[PDB]
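# pasting the structure only:
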Ligand SMILES: [Zn+2]
């Protein structure tokens with residue numbers, strides 16, 4: 001159920017009634033779109049302001065609702081890049097304090113810094129848990145859990161099946177990354193789907209894979 005756009009740059013595919021994956025090329029990058037009864041919520045926006053705008057615009061039109069909220073899963077350019085777009089449209093950009101301080105330190109506008117280690121948000125009907133499992137791909141990476149769907153957005157912490165290595169480890173803690181992955185496996189013992197930061201949606205298996213990439 002791939003609804004692409006004008007250019008193939010942006011693309012969304014349904015995971016269920018209310019959860020879609022968004023993917024933009026910048027190397028393809030995933031996030032979620034949550035159709036809740038109070039607006040659209042993005043897990044992660046995009047590479048930059050341009051693609052973040054195109055994304056918001058494409059979902060607002062399709063779903064007939066405003067993007068009200070974004071969850072930023074770490075402060076790297078590809079995740080925080082459209083932050084200026086979010087703040088200036090009045091889109092709440094949720095992040096941990098650490099993601100925000102990293103965003104600030106890298107010259108970006110700051111997201112809210114409102115997420116704790118475990119934070120439980122509700123958007124209309126939609127329950128979203130954010131989970132900081134520890135350092136991994138970055139020091140600040142969080143996962144997002146949709147407890148009504150048992151869906152985990154692992155973000156960059158989680159490598160797709162097709163990832164044969166760890167990608168960008170310049171900011172990674174390859175020693176803590178295994179434990180952080182394990183922390184996810186323990187918190188979420190029954191996962192229906194996992195969305196890696198890049199690549200094709202999988203299950204629990206993507207976390208086992210990522211563990212293996214770390215040996
Ligand atoms: Zn990253």
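Now that the structure is in, tell me what you want to look at. Numbers count the residues shown, from 1 in each chain.
# is the strand of greatest length in the chain positioned near the ion?
When the chain is parsed with DSSP state E, its longest strand is strand 28-36. No. Applying Cβ under 5 Å from the ion, one finds strand 28-36 separated from the ion by no less than 9.3 Å. Using the backbone N, CA and C atoms, a C-beta is placed for each residue, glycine as well.
# give me the distance from whichever helix or strand comes after that strand to the chain's centre.
Downstream of strand 28-36, the next assigned helix or strand under DSSP states H and E is strand 39-43. Relative to its parent chain, strand 39-43 has a centroid offset of 11 Å by Cα atoms, centre = their mean, to the nearest Å.
# how far does stretch 173-183 sit from the chain's center?
Put simply, stretch 173-183 sits 18 Å off its chain's centre (Cα atoms, centre = their mean).
# for stretch 71-86, same thing?
In terms of Cα atoms, centre = their mean, the centre of stretch 71-86 is found 10 Å from the chain centre.
# could you pull out the strands for this structure?
So, for the chain - with DSSP E - the strands run 2-4, 10-16, 19-25, 28-36, 39-43, 67-71, 92-94, 118-123, 126-131, 143-146, 151-155, 193-196.
# now do the fifth one: which elements does it pack against?
So the one you mean is strand 39-43. strand 28-36, helix 49-63, strand 67-71, strand 126-131 (3 or more Cβ pairs under 8 Å, 6 or more residues apart in numbering; DSSP states H and E).
# same thing with the second one?
In this structure, strand 10-16 packs against strand 2-4, strand 19-25, helix 49-63, with contacts taken as 3+ Cβ pairs under 8 Å, 6+ apart.
# would you tell me which one of these is buried the most?
Of all the helices and strands packed on strand 10-16, strand 19-25 has the most neighbours on average by mean count of other Cβ atoms under 10 Å, namely a mean of 21.
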